[PDB]
Amino acid sequence: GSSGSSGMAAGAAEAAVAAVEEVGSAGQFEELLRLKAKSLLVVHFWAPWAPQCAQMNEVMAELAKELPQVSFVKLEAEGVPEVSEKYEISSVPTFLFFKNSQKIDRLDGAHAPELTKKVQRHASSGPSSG
């Protein structure tokens, strides 16, 4: 109960990844929400049956690269019925824009262009604004 920071210590780094994260549990998602609160989180619902999720998945990969300040996470609707229940997500494809641990936007249906639009729109918030 007595210390003197005397400034600030140095021992932390940060990297940049443009890959789609795989969410297979509510904990991971509910947890990330906070972490990726400042940034733009994109929760896409992919299914091992729905063909639409096929192309919708490939498109994401690219985006993630274009927008390094964005977070693309894909969750299994049937894989994790815990989260799907809460939001009652019983349809795919389905994207959920979570900002600051609070849903602000949502895209229903397999839309290649419609998606990018929303992604960029929100993605804006952050560095190099514009």
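Counting begins at 1 with the first residue displayed.
If you check the header, you will see the structure was determined by solution NMR.
A Cβ is built for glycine as well, from the same backbone N, Cα and C atoms used for every other residue.
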Selected residue, Swiss-Prot feature N-acetylalanine, from candidates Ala9, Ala77, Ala110: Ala9
CB contacts for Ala9 (N-acetylalanine) [other CB atoms within 10 A, all chains]: 7
Intrachain C-beta neighbours of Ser124 (phosphoserine), sequence separation six or more, cut-off 8 angstroms: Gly130
